[PDB]
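**Q** What follows is the file my_file-v1.pdb, containing PDB, C-alpha atoms (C1' of nucleotides):
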```pdb
ATOM      1  CA  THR U 467     -18.463 -18.903 -19.103
ATOM      2  CA  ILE U 468     -20.176 -19.345 -15.725
ATOM      3  CA  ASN U 469     -23.305 -20.830 -17.296
ATOM      4  CA  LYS U 470     -21.405 -23.315 -19.447
ATOM      5  CA  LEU U 471     -19.182 -24.269 -16.511
ATOM      6  CA  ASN U 472     -22.395 -24.939 -14.590
ATOM      7  CA  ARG U 473     -23.713 -27.106 -17.423
ATOM      8  CA  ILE U 474     -20.495 -29.102 -17.837
ATOM      9  CA  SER U 475     -20.234 -29.657 -14.071
ATOM     10  CA  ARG U 476     -23.892 -30.696 -14.241
ATOM     11  CA  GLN U 477     -23.209 -33.348 -16.877
ATOM     12  CA  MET U 478     -20.060 -34.595 -15.150
ATOM     13  CA  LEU U 479     -21.871 -34.861 -11.810
ATOM     14  CA  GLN U 480     -24.706 -36.824 -13.410
ATOM     15  CA  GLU U 481     -22.298 -39.075 -15.316
ATOM     16  CA  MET U 482     -19.932 -39.989 -12.462
ATOM     17  CA  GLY U 483     -22.201 -39.446  -9.447
ATOM     18  CA  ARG U 484     -20.265 -36.897  -7.377
ATOM     19  CA  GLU U 485     -19.216 -33.260  -7.487
ATOM     20  CA  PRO U 486     -16.494 -32.996 -10.173
ATOM     21  CA  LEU U 487     -13.158 -31.663  -8.961
ATOM     22  CA  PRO U 488     -11.788 -28.537 -10.689
ATOM     23  CA  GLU U 489      -9.052 -30.533 -12.455
ATOM     24  CA  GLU U 490     -11.545 -32.726 -14.311
ATOM     25  CA  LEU U 491     -13.704 -29.683 -15.051
ATOM     26  CA  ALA U 492     -10.699 -27.904 -16.556
ATOM     27  CA  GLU U 493      -9.938 -31.011 -18.614
ATOM     28  CA  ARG U 494     -13.488 -31.049 -19.985
ATOM     29  CA  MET U 495     -13.428 -27.281 -20.675
ATOM     30  CA  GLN U 496      -9.992 -27.385 -22.391
ATOM     31  CA  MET U 497      -9.098 -24.378 -20.219
ATOM     32  CA  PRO U 498      -6.408 -23.906 -17.552
ATOM     33  CA  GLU U 499      -7.305 -24.889 -14.006
ATOM     34  CA  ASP U 500      -6.403 -21.399 -12.772
ATOM     35  CA  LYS U 501      -9.072 -19.912 -15.044
ATOM     36  CA  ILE U 502     -11.579 -22.440 -13.695
ATOM     37  CA  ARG U 503     -10.771 -21.397 -10.131
ATOM     38  CA  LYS U 504     -11.047 -17.721 -11.087
ATOM     39  CA  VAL U 505     -14.496 -18.318 -12.586
ATOM     40  CA  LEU U 506     -15.620 -20.392  -9.597
ATOM     41  CA  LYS U 507     -14.624 -17.688  -7.095
ATOM     42  CA  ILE U 508     -15.644 -14.739  -9.275
ATOM     43  CA  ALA U 509     -18.661 -13.193  -7.481
ATOM     44  CA  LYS U 510     -21.397 -14.922  -5.547
ATOM     45  CA  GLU U 511     -24.272 -12.534  -4.972
ATOM     46  CA  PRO U 512     -23.685 -10.281  -1.934
ATOM     47  CA  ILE U 513     -25.440 -11.381   1.234
ATOM     48  CA  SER U 514     -27.881  -8.999   2.879
ATOM     49  CA  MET U 515     -26.952  -7.055   6.006
ATOM     50  CA  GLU U 516     -30.288  -8.087   7.526
ATOM     51  CA  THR U 517     -29.889 -11.880   7.482
ATOM     52  CA  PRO U 518     -31.132 -13.155  10.868
TER      53      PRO U 518
ATOM     54  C1'  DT T   1     -75.854   6.315  13.349
ATOM     55  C1'  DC T   2     -74.148   1.345  12.291
ATOM     56  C1'  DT T   3     -70.583  -2.344   9.849
ATOM     57  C1'  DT T   4     -65.963  -3.339   7.909
ATOM     58  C1'  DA T   5     -61.503  -3.418   6.544
ATOM     59  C1'  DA T   6     -57.041  -1.345   7.578
ATOM     60  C1'  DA T   7     -53.370   0.349  10.973
ATOM     61  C1'  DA T   8     -50.598  -0.039  14.945
ATOM     62  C1'  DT T   9     -48.671  -2.114  19.245
ATOM     63  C1'  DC T  10     -47.101  -5.720  22.042
ATOM     64  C1'  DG T  11     -40.264  -5.628  28.556
ATOM     65  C1'  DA T  12     -35.016  -5.531  29.563
ATOM     66  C1'  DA T  13     -30.469  -7.271  29.348
ATOM     67  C1'  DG T  14     -27.757 -11.881  27.650
ATOM     68  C1'  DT T  15     -26.249 -14.484  23.330
ATOM     69  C1'  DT T  16     -25.601 -14.402  18.433
ATOM     70  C1'  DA T  17     -21.598 -14.478  13.822
ATOM     71  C1'  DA T  18     -24.452 -16.283   6.691
ATOM     72  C1'  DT T  19     -24.855 -20.528   2.256
ATOM     73  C1'  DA T  20     -26.462 -24.435  -1.431
ATOM     74  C1'  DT T  21     -32.478 -24.162  -8.424
ATOM     75  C1'  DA T  22     -32.757 -22.239 -13.117
ATOM     76  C1'  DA T  23     -26.958 -19.654 -26.134
ATOM     77  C1'  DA T  24     -23.364 -19.280 -29.080
ATOM     78  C1'  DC T  25     -20.447 -17.099 -32.599
ATOM     79  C1'  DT T  26     -18.330 -13.241 -34.358
ATOM     80  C1'  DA T  27     -16.516  -8.666 -34.920
ATOM     81  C1'  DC T  28     -14.500  -4.631 -33.172
ATOM     82  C1'  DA T  29     -12.501  -1.337 -29.994
ATOM     83  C1'  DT T  30     -10.323  -0.462 -25.713
ATOM     84  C1'  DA T  31      -7.575  -1.151 -21.639
ATOM     85  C1'  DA T  32      -3.918  -3.385 -19.430
ATOM     86  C1'  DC T  33       0.753  -5.182 -19.079
ATOM     87  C1'  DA T  34       5.512  -5.388 -20.262
ATOM     88  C1'  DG T  35       9.827  -3.502 -22.008
ATOM     89  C1'  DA T  36      13.178   0.253 -23.028
ATOM     90  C1'  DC T  37      14.736   4.821 -22.942
ATOM     91  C1'  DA T  38      15.534   9.371 -21.077
ATOM     92  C1'  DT T  39      15.628  12.305 -17.087
ATOM     93  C1'  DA T  40      15.948  13.981 -12.587
ATOM     94  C1'  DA T  41      17.634  13.101  -8.146
ATOM     95  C1'  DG T  42      21.052  11.535  -5.042
ATOM     96  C1'  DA T  43      25.869   9.405  -3.583
ATOM     97  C1'  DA T  44      30.741   9.532  -3.862
ATOM     98  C1'  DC T  45      35.325  11.628  -4.333
ATOM     99  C1'  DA T  46      38.199  15.243  -4.722
ATOM    100  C1'  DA T  47      39.486  19.622  -4.806
ATOM    101  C1'  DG T  48      39.564  24.536  -3.191
ATOM    102  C1'  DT T  49      38.799  28.512   0.421
ATOM    103  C1'  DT T  50      39.323  29.963   5.214
ATOM    104  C1'  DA T  51      40.150  30.650   9.872
ATOM    105  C1'  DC T  52      41.888  28.889  14.087
ATOM    106  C1'  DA T  53      44.854  25.842  17.084
ATOM    107  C1'  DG T  54      49.359  24.277  18.941
ATOM    108  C1'  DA T  55      53.515  24.540  19.965
ATOM    109  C1'  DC T  56      57.766  27.063  18.562
ATOM    110  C1'  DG T  57      60.528  31.137  18.040
ATOM    111  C1'  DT T  58      61.187  35.647  19.257
ATOM    112  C1'  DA T  59      61.515  39.772  22.122
ATOM    113  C1'  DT T  60      61.771  41.829  26.561
ATOM    114  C1'  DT T  61      62.972  42.352  31.214
ATOM    115  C1'  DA T  62      65.348  41.217  35.299
ATOM    116  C1'  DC T  63      68.831  38.753  37.700
ATOM    117  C1'  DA T  64      73.577  37.496  37.858
ATOM    118  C1'  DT T  65      78.479  38.183  36.610
ATOM    119  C1'  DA T  66      82.315  40.626  35.114
ATOM    120  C1'  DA T  67      85.259  44.723  35.014
TER     121       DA T  67
END
```
Translate the structure described by the file into structure tokens.
**A**
Amino acid sequence: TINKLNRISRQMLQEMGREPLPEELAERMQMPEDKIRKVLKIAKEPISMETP
DNA sequence: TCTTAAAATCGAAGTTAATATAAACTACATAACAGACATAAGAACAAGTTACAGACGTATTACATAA
């Protein structure tokens, strides 16, 4: 789901020229916008406790 | 006995607050969420059981009155 969201947001960005808003991404995925926001916020890799 | 690569060290506070690249379909089992029922726990009312209080009634004594 994350990978194919990345690819669809890829294609939309390259076709319109700007970062696609979650509403248009949900429209292209045929999935609810709440699910799109859940996927987008799911888990970015934890930052290290030694970052200067 | 003489090179030569490694190994280790190099002042205190003070402040400081992060990022950002890069398969799909299908089949099955399991966990989670919601609803309904039964059960245990508490709230409410009413009754009964019991002794004590509060003022009354009684009993006793002393003063007054009558013979």
**Q** In terms of the shortest atom-to-atom distance over only C-alpha atoms (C1' of nucleotides), which of U:486, U:495, U:467, U:504 is closest to chain T?
**A**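 Among the listed residues, the smallest separation from chain T belongs to U:467.
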**Q** May I have the centre and edge lengths, in Å to one decimal, of an axis-aligned box around the listed atoms of range 497-500 of chain U with 8 Å added to every side, as lines of an AutoDock Vina configuration file?
**A**
```
center_x = -7.8
center_y = -23.1
center_z = -16.5
size_x = 18.7
size_y = 19.5
size_z = 23.4
```
**Q** Between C1' of residue 15 in chain T and CA of residue 511 in chain U, measure the distance and give it in Å to one decimal.
**A**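 We find that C1' of residue 15 in chain T and CA of residue 511 in chain U lie 28.4 Å from each other.
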**Q** Would you kindly report the residues of chain U within 9 Å of chain T, using all atoms listed in the file, as a count of residues only?
**A** 4
**Q** Would you write out, as CSV, a table of all residues in range 21-61 of chain T that have an atom no more than 12 Å from an atom of range 468-472 of chain U, listing for each the closest atom pair and the distance in Å to one decimal, considering only C-alpha atoms (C1' of nucleotides) and ordering rows by chain and rising residue number?
**A**
```
residue,atom,partner,partner_atom,distance
T:21,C1',U:472,CA,11.8
T:22,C1',U:469,CA,10.4
T:23,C1',U:470,CA,9.4
T:24,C1',U:470,CA,10.6
```
**Q** Near residue 494 in chain U, counting only C-alpha atoms (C1' of nucleotides), which residues have an atom at most 10 Å away, once you skip same-chain residues fewer than 4 positions from it, shown as a ChimeraX atom specification?
**A** /U:471,474-475,478,488-490
**Q** For range 485-509 of chain U, supply N, CA, C and O atoms and format the output as an mmCIF file, in the frame of the given file.
**A**
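And here is the file that came out, out-v6.cif:
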```cif
data_model
loop_
_atom_site.group_PDB
_atom_site.id
_atom_site.type_symbol
_atom_site.label_atom_id
_atom_site.label_comp_id
_atom_site.auth_asym_id
_atom_site.auth_seq_id
_atom_site.Cartn_x
_atom_site.Cartn_y
_atom_site.Cartn_z
ATOM 1 N N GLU U 485 -19.621 -34.594 -7.071
ATOM 2 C CA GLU U 485 -19.216 -33.260 -7.487
ATOM 3 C C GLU U 485 -17.870 -33.347 -8.200
ATOM 4 O O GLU U 485 -16.904 -33.868 -7.626
ATOM 5 N N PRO U 486 -17.757 -32.854 -9.435
ATOM 6 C CA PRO U 486 -16.494 -32.996 -10.173
ATOM 7 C C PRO U 486 -15.453 -32.000 -9.681
ATOM 8 O O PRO U 486 -15.739 -30.812 -9.509
ATOM 9 N N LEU U 487 -14.240 -32.496 -9.452
ATOM 10 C CA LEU U 487 -13.158 -31.663 -8.961
ATOM 11 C C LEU U 487 -12.719 -30.690 -10.054
ATOM 12 O O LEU U 487 -12.906 -30.955 -11.243
ATOM 13 N N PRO U 488 -12.145 -29.543 -9.674
ATOM 14 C CA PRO U 488 -11.788 -28.537 -10.689
ATOM 15 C C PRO U 488 -10.821 -29.031 -11.751
ATOM 16 O O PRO U 488 -10.835 -28.500 -12.867
ATOM 17 N N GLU U 489 -9.978 -30.020 -11.447
ATOM 18 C CA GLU U 489 -9.052 -30.533 -12.455
ATOM 19 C C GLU U 489 -9.811 -31.192 -13.601
ATOM 20 O O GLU U 489 -9.543 -30.921 -14.778
ATOM 21 N N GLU U 490 -10.768 -32.059 -13.273
ATOM 22 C CA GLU U 490 -11.545 -32.726 -14.311
ATOM 23 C C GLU U 490 -12.414 -31.732 -15.073
ATOM 24 O O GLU U 490 -12.609 -31.868 -16.288
ATOM 25 N N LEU U 491 -12.940 -30.724 -14.375
ATOM 26 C CA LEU U 491 -13.704 -29.683 -15.051
ATOM 27 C C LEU U 491 -12.836 -28.919 -16.039
ATOM 28 O O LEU U 491 -13.265 -28.633 -17.161
ATOM 29 N N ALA U 492 -11.605 -28.588 -15.644
ATOM 30 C CA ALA U 492 -10.699 -27.904 -16.556
ATOM 31 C C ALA U 492 -10.360 -28.786 -17.750
ATOM 32 O O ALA U 492 -10.247 -28.299 -18.880
ATOM 33 N N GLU U 493 -10.197 -30.089 -17.514
ATOM 34 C CA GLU U 493 -9.938 -31.011 -18.614
ATOM 35 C C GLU U 493 -11.102 -31.038 -19.598
ATOM 36 O O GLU U 493 -10.894 -31.050 -20.816
ATOM 37 N N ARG U 494 -12.334 -31.038 -19.090
ATOM 38 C CA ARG U 494 -13.488 -31.049 -19.985
ATOM 39 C C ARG U 494 -13.680 -29.709 -20.694
ATOM 40 O O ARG U 494 -14.171 -29.679 -21.826
ATOM 41 N N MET U 495 -13.309 -28.597 -20.055
ATOM 42 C CA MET U 495 -13.428 -27.281 -20.675
ATOM 43 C C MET U 495 -12.284 -26.937 -21.624
ATOM 44 O O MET U 495 -12.399 -25.954 -22.365
ATOM 45 N N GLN U 496 -11.200 -27.714 -21.629
ATOM 46 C CA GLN U 496 -9.992 -27.385 -22.391
ATOM 47 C C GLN U 496 -9.484 -25.987 -22.039
ATOM 48 O O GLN U 496 -9.026 -25.231 -22.898
ATOM 49 N N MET U 497 -9.552 -25.649 -20.758
ATOM 50 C CA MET U 497 -9.098 -24.378 -20.219
ATOM 51 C C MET U 497 -8.199 -24.638 -19.021
ATOM 52 O O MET U 497 -8.303 -25.685 -18.375
ATOM 53 N N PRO U 498 -7.292 -23.709 -18.708
ATOM 54 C CA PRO U 498 -6.408 -23.906 -17.552
ATOM 55 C C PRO U 498 -7.187 -23.973 -16.251
ATOM 56 O O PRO U 498 -8.247 -23.360 -16.103
ATOM 57 N N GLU U 499 -6.641 -24.729 -15.296
ATOM 58 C CA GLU U 499 -7.305 -24.889 -14.006
ATOM 59 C C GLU U 499 -7.376 -23.569 -13.248
ATOM 60 O O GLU U 499 -8.338 -23.328 -12.507
ATOM 61 N N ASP U 500 -6.378 -22.700 -13.428
ATOM 62 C CA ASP U 500 -6.403 -21.399 -12.772
ATOM 63 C C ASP U 500 -7.587 -20.565 -13.245
ATOM 64 O O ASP U 500 -8.229 -19.874 -12.444
ATOM 65 N N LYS U 501 -7.895 -20.615 -14.543
ATOM 66 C CA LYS U 501 -9.072 -19.912 -15.044
ATOM 67 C C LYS U 501 -10.351 -20.493 -14.459
ATOM 68 O O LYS U 501 -11.295 -19.754 -14.151
ATOM 69 N N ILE U 502 -10.407 -21.817 -14.301
ATOM 70 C CA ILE U 502 -11.579 -22.440 -13.695
ATOM 71 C C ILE U 502 -11.758 -21.951 -12.265
ATOM 72 O O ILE U 502 -12.872 -21.615 -11.842
ATOM 73 N N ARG U 503 -10.668 -21.891 -11.499
ATOM 74 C CA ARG U 503 -10.771 -21.397 -10.131
ATOM 75 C C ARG U 503 -11.138 -19.920 -10.084
ATOM 76 O O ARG U 503 -11.865 -19.496 -9.178
ATOM 77 N N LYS U 504 -10.648 -19.123 -11.034
ATOM 78 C CA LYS U 504 -11.047 -17.721 -11.087
ATOM 79 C C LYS U 504 -12.540 -17.584 -11.353
ATOM 80 O O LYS U 504 -13.218 -16.767 -10.720
ATOM 81 N N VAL U 505 -13.069 -18.377 -12.285
ATOM 82 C CA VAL U 505 -14.496 -18.318 -12.586
ATOM 83 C C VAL U 505 -15.315 -18.782 -11.389
ATOM 84 O O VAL U 505 -16.361 -18.203 -11.071
ATOM 85 N N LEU U 506 -14.852 -19.828 -10.701
ATOM 86 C CA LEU U 506 -15.620 -20.392 -9.597
ATOM 87 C C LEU U 506 -15.717 -19.420 -8.429
ATOM 88 O O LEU U 506 -16.734 -19.382 -7.727
ATOM 89 N N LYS U 507 -14.674 -18.631 -8.203
ATOM 90 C CA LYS U 507 -14.624 -17.688 -7.095
ATOM 91 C C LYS U 507 -15.085 -16.286 -7.472
ATOM 92 O O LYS U 507 -15.015 -15.387 -6.629
ATOM 93 N N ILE U 508 -15.560 -16.079 -8.702
ATOM 94 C CA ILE U 508 -15.644 -14.739 -9.275
ATOM 95 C C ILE U 508 -16.503 -13.790 -8.435
ATOM 96 O O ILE U 508 -15.975 -12.824 -7.872
ATOM 97 N N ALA U 509 -17.810 -14.041 -8.315
ATOM 98 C CA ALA U 509 -18.661 -13.193 -7.481
ATOM 99 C C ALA U 509 -19.961 -13.944 -7.199
ATOM 100 O O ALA U 509 -20.842 -13.992 -8.062
#
```
